[PDB]
Amino acid sequence: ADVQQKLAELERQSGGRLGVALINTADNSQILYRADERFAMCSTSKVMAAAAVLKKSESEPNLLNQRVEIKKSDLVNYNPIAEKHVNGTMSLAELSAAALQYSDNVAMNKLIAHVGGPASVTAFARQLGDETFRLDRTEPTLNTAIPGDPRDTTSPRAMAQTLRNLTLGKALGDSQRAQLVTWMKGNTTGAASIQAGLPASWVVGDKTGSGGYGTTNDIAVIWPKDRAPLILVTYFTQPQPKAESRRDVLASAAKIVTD
Ligand SMILES: [Cl-]
Ligand code: NA
């Protein structure tokens, strides 16, 4: 309860809307704040697109080696890896890694297309037991994050439970689960978000997201020193369309709920 008051104070101080879900797998306890409200996922949705391709690879073992052409027409707004491979191909494994580790938006679009579009990613979430997740659009429009707009949203509670299934549970086969976790542990974009609020010795696998209205998100699996793992989802959005990102708010929330 003291944690609730501290999160409420942080939310007030920040001027935005904060949603937090922590799962402590030691005792299956939860810390929740606005955990059933919807938030725009932005690039945190890349985890579900990658997982859907991994699940397909359980029945098509050569799938991650399949190659995908990258053309100038594929470029969108943020393409740090794909722009180096124009007029060549990348494998689905390389695209998955680019999406998760560099937040490459071409990679995301190629993963979406492969599995059949946003409704197919959403159908995959339903098969896992997540009835809240919805992916509606492709990159870059899925990041608009308009207040009140349900498109491309989920709730903190649902995303934490689903991330627990994907990374610590049995939603994926052992090889595929290990691959997802390795990719998330190799993320290059998260050091200023949840990880900035945790001790240096803890190990984090995370995926960040940012978008309109100053939306600043991070979802993480956390291995504390000599403890059972944690799942932590921190979603944040602001009232002003051109608000700046606030990664520090996510770091502060992480420190509060892990103290
Ligand atoms: Cl503004
Ligand atoms: Na979700």
# chains A, B, ... in the order shown; residues from 1 in each chain; ligands from 1
$ residues_near_ligand --ligand "ligand 1" --cutoff "8 Å" --atoms "only C-alpha atoms and all ligand atoms" --output "number ranges by chain"
A: 213, 240-243
$ select_by_dssp --residues "region 28-250 of chain A" --states "strand (DSSP E or B)" --output "ChimeraX atom specification"
/A:29-33,39-40,67-69,89-91,153-154,203-211,215-223,230-237
$ write_last_selection --atoms "N, CA and C atoms" --output "short mmCIF file (atom, residue, chain, number, x, y, z; two decimals), in the first residue's frame"
data_model
loop_
_atom_site.label_atom_id
_atom_site.label_comp_id
_atom_site.auth_asym_id
_atom_site.auth_seq_id
_atom_site.Cartn_x
_atom_site.Cartn_y
_atom_site.Cartn_z
N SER A 29 3.21 -13.04 -6.11
CA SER A 29 2.56 -11.81 -5.72
C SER A 29 2.65 -10.78 -6.84
N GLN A 30 1.75 -9.80 -6.78
CA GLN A 30 1.66 -8.75 -7.78
C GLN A 30 1.65 -7.38 -7.13
N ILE A 31 2.23 -6.40 -7.83
CA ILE A 31 2.05 -4.99 -7.49
C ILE A 31 1.45 -4.33 -8.71
N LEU A 32 0.28 -3.72 -8.55
CA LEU A 32 -0.48 -3.20 -9.67
C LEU A 32 -0.86 -1.74 -9.46
N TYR A 33 -0.75 -0.96 -10.54
CA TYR A 33 -1.14 0.45 -10.53
C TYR A 33 -1.70 0.75 -11.91
N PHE A 39 -3.10 1.24 -22.52
CA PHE A 39 -2.00 2.11 -22.89
C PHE A 39 -1.52 1.73 -24.29
N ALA A 40 -1.10 2.72 -25.09
CA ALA A 40 -0.51 2.41 -26.39
C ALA A 40 0.79 1.66 -26.18
N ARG A 67 14.79 -16.05 -46.13
CA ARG A 67 15.29 -14.71 -46.39
C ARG A 67 14.22 -13.84 -47.03
N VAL A 68 14.31 -12.56 -46.68
CA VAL A 68 13.31 -11.54 -46.97
C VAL A 68 14.05 -10.38 -47.61
N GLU A 69 13.56 -9.95 -48.78
CA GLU A 69 14.18 -8.84 -49.49
C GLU A 69 13.85 -7.52 -48.80
N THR A 89 19.00 -9.21 -48.78
CA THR A 89 18.03 -9.92 -47.97
C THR A 89 18.54 -10.00 -46.53
N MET A 90 17.59 -10.20 -45.63
CA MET A 90 17.86 -10.56 -44.25
C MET A 90 17.04 -11.80 -43.93
N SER A 91 17.58 -12.63 -43.04
CA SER A 91 16.79 -13.78 -42.59
C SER A 91 15.76 -13.33 -41.55
N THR A 153 -3.25 -1.17 -28.28
CA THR A 153 -3.09 -1.03 -26.85
C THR A 153 -3.11 -2.39 -26.17
N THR A 154 -2.66 -2.39 -24.92
CA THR A 154 -2.92 -3.47 -23.99
C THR A 154 -2.90 -2.86 -22.60
N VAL A 203 20.24 -8.59 -13.81
CA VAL A 203 20.24 -8.87 -15.24
C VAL A 203 18.85 -8.60 -15.78
N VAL A 204 18.76 -7.85 -16.87
CA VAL A 204 17.48 -7.45 -17.43
C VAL A 204 17.43 -7.84 -18.90
N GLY A 205 16.28 -8.36 -19.31
CA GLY A 205 15.93 -8.45 -20.71
C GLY A 205 14.69 -7.58 -20.90
N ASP A 206 14.71 -6.64 -21.83
CA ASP A 206 13.62 -5.68 -21.87
C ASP A 206 13.36 -5.26 -23.31
N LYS A 207 12.18 -4.68 -23.54
CA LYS A 207 11.87 -4.02 -24.79
C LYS A 207 11.19 -2.68 -24.50
N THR A 208 11.76 -1.62 -25.04
CA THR A 208 11.26 -0.27 -24.85
C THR A 208 10.24 0.09 -25.92
N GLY A 209 9.52 1.17 -25.69
CA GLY A 209 8.68 1.73 -26.73
C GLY A 209 8.48 3.20 -26.46
N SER A 210 8.32 3.96 -27.53
CA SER A 210 8.01 5.36 -27.40
C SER A 210 7.11 5.78 -28.55
N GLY A 211 6.32 6.82 -28.33
CA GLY A 211 5.44 7.28 -29.38
C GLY A 211 4.84 8.63 -29.07
N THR A 215 4.57 9.16 -25.01
CA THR A 215 4.43 7.81 -24.50
C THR A 215 5.81 7.18 -24.39
N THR A 216 6.08 6.61 -23.21
CA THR A 216 7.39 6.08 -22.85
C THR A 216 7.13 4.79 -22.09
N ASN A 217 7.52 3.66 -22.68
CA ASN A 217 7.21 2.34 -22.16
C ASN A 217 8.44 1.46 -22.05
N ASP A 218 8.34 0.44 -21.19
CA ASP A 218 9.37 -0.60 -21.10
C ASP A 218 8.71 -1.82 -20.50
N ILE A 219 9.02 -3.00 -21.03
CA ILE A 219 8.58 -4.27 -20.45
C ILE A 219 9.82 -5.13 -20.25
N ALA A 220 9.89 -5.81 -19.11
CA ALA A 220 11.13 -6.45 -18.74
C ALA A 220 10.92 -7.75 -17.98
N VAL A 221 11.84 -8.69 -18.22
CA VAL A 221 12.08 -9.83 -17.36
C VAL A 221 13.38 -9.55 -16.63
N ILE A 222 13.38 -9.76 -15.31
CA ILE A 222 14.47 -9.32 -14.45
C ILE A 222 14.94 -10.50 -13.63
N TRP A 223 16.25 -10.73 -13.62
CA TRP A 223 16.89 -11.72 -12.77
C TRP A 223 17.70 -11.01 -11.69
N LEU A 230 11.63 -11.64 -11.76
CA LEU A 230 10.53 -10.71 -11.75
C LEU A 230 10.10 -10.39 -13.19
N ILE A 231 8.81 -10.07 -13.35
CA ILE A 231 8.30 -9.44 -14.57
C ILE A 231 7.85 -8.04 -14.20
N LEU A 232 8.25 -7.04 -15.00
CA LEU A 232 7.89 -5.65 -14.73
C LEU A 232 7.50 -4.95 -16.02
N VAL A 233 6.30 -4.37 -16.03
CA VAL A 233 5.77 -3.58 -17.14
C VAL A 233 5.55 -2.18 -16.62
N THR A 234 6.09 -1.19 -17.32
CA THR A 234 5.90 0.22 -16.96
C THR A 234 5.47 0.96 -18.22
N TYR A 235 4.24 1.46 -18.22
CA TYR A 235 3.69 2.23 -19.32
C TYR A 235 3.43 3.66 -18.85
N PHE A 236 3.74 4.63 -19.70
CA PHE A 236 3.57 6.03 -19.32
C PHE A 236 3.17 6.85 -20.53
N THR A 237 2.20 7.74 -20.33
CA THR A 237 1.76 8.61 -21.40
C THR A 237 1.36 9.95 -20.82
#
$ closest_residue --among "A:52, A:160, A:22, A:192" --to "ligand 2" --atoms "only C-alpha atoms and all ligand atoms"
A:160
$ closest_atom_pairs --of "chain A" --to "ligand 2" --cutoff "8 Å" --atoms "only C-alpha atoms and all ligand atoms" --output "CSV"
residue,atom,partner,partner_atom_place_in_ligand_line,distance
A:125,CA,ligand 2,1 (Na),7.4
A:130,CA,ligand 2,1 (Na),6.2
A:131,CA,ligand 2,1 (Na),7.8
A:132,CA,ligand 2,1 (Na),5.9
A:133,CA,ligand 2,1 (Na),4.1
A:134,CA,ligand 2,1 (Na),7.5
A:153,CA,ligand 2,1 (Na),7.9
A:154,CA,ligand 2,1 (Na),4.9
A:155,CA,ligand 2,1 (Na),6.2
A:156,CA,ligand 2,1 (Na),7.3
A:157,CA,ligand 2,1 (Na),7.7
A:158,CA,ligand 2,1 (Na),4.6
A:159,CA,ligand 2,1 (Na),3.5
A:160,CA,ligand 2,1 (Na),7.2
A:161,CA,ligand 2,1 (Na),7.7
A:162,CA,ligand 2,1 (Na),6.0
A:163,CA,ligand 2,1 (Na),7.9
$ write_last_selection --atoms "N, CA and C atoms" --output "PDB file, in the first residue's frame"
ATOM      1  N   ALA A 125      -1.927 -13.829 -29.732  1.00  0.00           N
ATOM      2  CA  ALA A 125      -2.107 -13.475 -28.327  1.00  0.00           C
ATOM      3  C   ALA A 125      -3.322 -14.162 -27.727  1.00  0.00           C
ATOM      4  N   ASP A 130      -4.415 -14.305 -23.793  1.00  0.00           N
ATOM      5  CA  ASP A 130      -4.416 -12.860 -23.621  1.00  0.00           C
ATOM      6  C   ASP A 130      -5.557 -12.307 -24.461  1.00  0.00           C
ATOM      7  N   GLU A 131      -6.618 -11.852 -23.797  1.00  0.00           N
ATOM      8  CA  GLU A 131      -7.793 -11.322 -24.486  1.00  0.00           C
ATOM      9  C   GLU A 131      -7.814  -9.795 -24.482  1.00  0.00           C
ATOM     10  N   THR A 132      -6.726  -9.161 -24.056  1.00  0.00           N
ATOM     11  CA  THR A 132      -6.639  -7.709 -23.961  1.00  0.00           C
ATOM     12  C   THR A 132      -5.783  -7.096 -25.048  1.00  0.00           C
ATOM     13  N   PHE A 133      -4.664  -7.747 -25.354  1.00  0.00           N
ATOM     14  CA  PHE A 133      -3.768  -7.294 -26.404  1.00  0.00           C
ATOM     15  C   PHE A 133      -4.508  -7.074 -27.706  1.00  0.00           C
ATOM     16  N   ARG A 134      -4.251  -5.938 -28.344  1.00  0.00           N
ATOM     17  CA  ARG A 134      -4.707  -5.783 -29.725  1.00  0.00           C
ATOM     18  C   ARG A 134      -3.664  -5.009 -30.515  1.00  0.00           C
ATOM     19  N   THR A 153      -3.255  -1.174 -28.285  1.00  0.00           N
ATOM     20  CA  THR A 153      -3.092  -1.028 -26.848  1.00  0.00           C
ATOM     21  C   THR A 153      -3.108  -2.387 -26.169  1.00  0.00           C
ATOM     22  N   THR A 154      -2.655  -2.387 -24.917  1.00  0.00           N
ATOM     23  CA  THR A 154      -2.919  -3.470 -23.994  1.00  0.00           C
ATOM     24  C   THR A 154      -2.897  -2.859 -22.602  1.00  0.00           C
ATOM     25  N   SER A 155      -3.084  -3.703 -21.592  1.00  0.00           N
ATOM     26  CA  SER A 155      -3.040  -3.243 -20.216  1.00  0.00           C
ATOM     27  C   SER A 155      -1.751  -3.717 -19.570  1.00  0.00           C
ATOM     28  N   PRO A 156      -1.293  -3.037 -18.516  1.00  0.00           N
ATOM     29  CA  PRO A 156      -0.105  -3.544 -17.816  1.00  0.00           C
ATOM     30  C   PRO A 156      -0.279  -4.965 -17.276  1.00  0.00           C
ATOM     31  N   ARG A 157      -1.410  -5.269 -16.650  1.00  0.00           N
ATOM     32  CA  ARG A 157      -1.643  -6.608 -16.119  1.00  0.00           C
ATOM     33  C   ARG A 157      -1.537  -7.664 -17.212  1.00  0.00           C
ATOM     34  N   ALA A 158      -2.221  -7.453 -18.327  1.00  0.00           N
ATOM     35  CA  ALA A 158      -2.197  -8.454 -19.381  1.00  0.00           C
ATOM     36  C   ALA A 158      -0.792  -8.628 -19.951  1.00  0.00           C
ATOM     37  N   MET A 159      -0.086  -7.522 -20.198  1.00  0.00           N
ATOM     38  CA  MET A 159       1.235  -7.645 -20.797  1.00  0.00           C
ATOM     39  C   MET A 159       2.211  -8.316 -19.836  1.00  0.00           C
ATOM     40  N   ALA A 160       2.093  -8.057 -18.525  1.00  0.00           N
ATOM     41  CA  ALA A 160       2.981  -8.733 -17.589  1.00  0.00           C
ATOM     42  C   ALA A 160       2.702 -10.217 -17.568  1.00  0.00           C
ATOM     43  N   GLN A 161       1.419 -10.601 -17.550  1.00  0.00           N
ATOM     44  CA  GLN A 161       1.109 -12.026 -17.511  1.00  0.00           C
ATOM     45  C   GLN A 161       1.558 -12.724 -18.782  1.00  0.00           C
ATOM     46  N   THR A 162       1.352 -12.085 -19.933  1.00  0.00           N
ATOM     47  CA  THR A 162       1.761 -12.675 -21.196  1.00  0.00           C
ATOM     48  C   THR A 162       3.275 -12.740 -21.305  1.00  0.00           C
ATOM     49  N   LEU A 163       3.976 -11.698 -20.851  1.00  0.00           N
ATOM     50  CA  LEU A 163       5.444 -11.760 -20.892  1.00  0.00           C
ATOM     51  C   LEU A 163       5.954 -12.866 -19.996  1.00  0.00           C
TER      52      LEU A 163
END
$ residues_around --residues "residue 121 (chain A)" --least-positions-apart "5" --cutoff "12 Å" --atoms "only C-alpha atoms" --output "PyMOL selection string"
chain A and resi 45-56+108-109+111-116+126-128+130+133-138+152
$ closest_residue --among "A:106, A:97, A:257, A:21" --to "residue 188 (chain A)" --atoms "only C-alpha atoms"
A:97
$ decode --residues "region 132-150 of chain A" --atoms "N, CA, C and O atoms" --output "PDB file, in the first residue's frame"
ATOM      1  N   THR A 132      -6.726  -9.161 -24.056  1.00  0.00           N
ATOM      2  CA  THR A 132      -6.639  -7.709 -23.961  1.00  0.00           C
ATOM      3  C   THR A 132      -5.783  -7.096 -25.048  1.00  0.00           C
ATOM      4  O   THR A 132      -6.122  -6.047 -25.600  1.00  0.00           O
ATOM      5  N   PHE A 133      -4.664  -7.747 -25.354  1.00  0.00           N
ATOM      6  CA  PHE A 133      -3.768  -7.294 -26.404  1.00  0.00           C
ATOM      7  C   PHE A 133      -4.508  -7.074 -27.706  1.00  0.00           C
ATOM      8  O   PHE A 133      -5.293  -7.924 -28.142  1.00  0.00           O
ATOM      9  N   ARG A 134      -4.251  -5.938 -28.344  1.00  0.00           N
ATOM     10  CA  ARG A 134      -4.707  -5.783 -29.725  1.00  0.00           C
ATOM     11  C   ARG A 134      -3.664  -5.009 -30.515  1.00  0.00           C
ATOM     12  O   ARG A 134      -3.262  -3.909 -30.114  1.00  0.00           O
ATOM     13  N   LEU A 135      -3.240  -5.593 -31.640  1.00  0.00           N
ATOM     14  CA  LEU A 135      -2.431  -4.941 -32.657  1.00  0.00           C
ATOM     15  C   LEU A 135      -3.345  -4.716 -33.852  1.00  0.00           C
ATOM     16  O   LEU A 135      -3.930  -5.676 -34.382  1.00  0.00           O
ATOM     17  N   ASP A 136      -3.518  -3.448 -34.207  1.00  0.00           N
ATOM     18  CA  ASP A 136      -4.424  -2.943 -35.227  1.00  0.00           C
ATOM     19  C   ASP A 136      -3.735  -2.488 -36.504  1.00  0.00           C
ATOM     20  O   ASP A 136      -4.305  -2.631 -37.602  1.00  0.00           O
ATOM     21  N   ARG A 137      -2.552  -1.900 -36.381  1.00  0.00           N
ATOM     22  CA  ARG A 137      -1.898  -1.190 -37.462  1.00  0.00           C
ATOM     23  C   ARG A 137      -0.464  -1.681 -37.593  1.00  0.00           C
ATOM     24  O   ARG A 137       0.044  -2.420 -36.754  1.00  0.00           O
ATOM     25  N   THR A 138       0.180  -1.234 -38.670  1.00  0.00           N
ATOM     26  CA  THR A 138       1.580  -1.493 -38.952  1.00  0.00           C
ATOM     27  C   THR A 138       2.417  -0.293 -38.529  1.00  0.00           C
ATOM     28  O   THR A 138       1.896   0.741 -38.103  1.00  0.00           O
ATOM     29  N   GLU A 139       3.747  -0.395 -38.719  1.00  0.00           N
ATOM     30  CA  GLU A 139       4.633   0.740 -38.526  1.00  0.00           C
ATOM     31  C   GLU A 139       4.581   1.648 -39.753  1.00  0.00           C
ATOM     32  O   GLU A 139       4.510   1.160 -40.891  1.00  0.00           O
ATOM     33  N   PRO A 140       4.611   2.984 -39.559  1.00  0.00           N
ATOM     34  CA  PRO A 140       4.791   3.647 -38.264  1.00  0.00           C
ATOM     35  C   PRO A 140       3.532   4.115 -37.537  1.00  0.00           C
ATOM     36  O   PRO A 140       3.649   4.692 -36.427  1.00  0.00           O
ATOM     37  N   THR A 141       2.350   3.886 -38.112  1.00  0.00           N
ATOM     38  CA  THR A 141       1.135   4.501 -37.580  1.00  0.00           C
ATOM     39  C   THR A 141       0.695   3.879 -36.256  1.00  0.00           C
ATOM     40  O   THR A 141      -0.102   4.493 -35.534  1.00  0.00           O
ATOM     41  N   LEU A 142       1.218   2.711 -35.881  1.00  0.00           N
ATOM     42  CA  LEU A 142       0.734   2.126 -34.632  1.00  0.00           C
ATOM     43  C   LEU A 142       1.227   2.895 -33.402  1.00  0.00           C
ATOM     44  O   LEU A 142       0.756   2.600 -32.291  1.00  0.00           O
ATOM     45  N   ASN A 143       2.071   3.917 -33.577  1.00  0.00           N
ATOM     46  CA  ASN A 143       2.631   4.679 -32.465  1.00  0.00           C
ATOM     47  C   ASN A 143       1.915   5.983 -32.165  1.00  0.00           C
ATOM     48  O   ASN A 143       2.435   6.779 -31.370  1.00  0.00           O
ATOM     49  N   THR A 144       0.766   6.242 -32.785  1.00  0.00           N
ATOM     50  CA  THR A 144       0.151   7.556 -32.630  1.00  0.00           C
ATOM     51  C   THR A 144      -0.236   7.834 -31.180  1.00  0.00           C
ATOM     52  O   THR A 144      -0.135   8.987 -30.726  1.00  0.00           O
ATOM     53  N   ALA A 145      -0.716   6.809 -30.457  1.00  0.00           N
ATOM     54  CA  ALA A 145      -0.945   6.876 -29.009  1.00  0.00           C
ATOM     55  C   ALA A 145      -1.910   7.992 -28.618  1.00  0.00           C
ATOM     56  O   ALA A 145      -1.716   8.706 -27.627  1.00  0.00           O
ATOM     57  N   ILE A 146      -2.966   8.145 -29.390  1.00  0.00           N
ATOM     58  CA  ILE A 146      -3.956   9.197 -29.122  1.00  0.00           C
ATOM     59  C   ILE A 146      -4.740   8.831 -27.863  1.00  0.00           C
ATOM     60  O   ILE A 146      -5.206   7.687 -27.732  1.00  0.00           O
ATOM     61  N   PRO A 147      -4.925   9.748 -26.925  1.00  0.00           N
ATOM     62  CA  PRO A 147      -5.668   9.397 -25.711  1.00  0.00           C
ATOM     63  C   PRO A 147      -7.088   8.977 -26.041  1.00  0.00           C
ATOM     64  O   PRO A 147      -7.777   9.632 -26.825  1.00  0.00           O
ATOM     65  N   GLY A 148      -7.540   7.906 -25.394  1.00  0.00           N
ATOM     66  CA  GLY A 148      -8.851   7.363 -25.651  1.00  0.00           C
ATOM     67  C   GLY A 148      -8.923   6.396 -26.811  1.00  0.00           C
ATOM     68  O   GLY A 148      -9.911   5.670 -26.928  1.00  0.00           O
ATOM     69  N   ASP A 149      -7.897   6.346 -27.645  1.00  0.00           N
ATOM     70  CA  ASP A 149      -7.875   5.448 -28.794  1.00  0.00           C
ATOM     71  C   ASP A 149      -7.473   4.038 -28.358  1.00  0.00           C
ATOM     72  O   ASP A 149      -6.356   3.853 -27.861  1.00  0.00           O
ATOM     73  N   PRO A 150      -8.332   3.023 -28.540  1.00  0.00           N
ATOM     74  CA  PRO A 150      -7.965   1.653 -28.136  1.00  0.00           C
ATOM     75  C   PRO A 150      -7.040   0.921 -29.098  1.00  0.00           C
ATOM     76  O   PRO A 150      -6.577  -0.184 -28.761  1.00  0.00           O
TER      77      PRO A 150
END
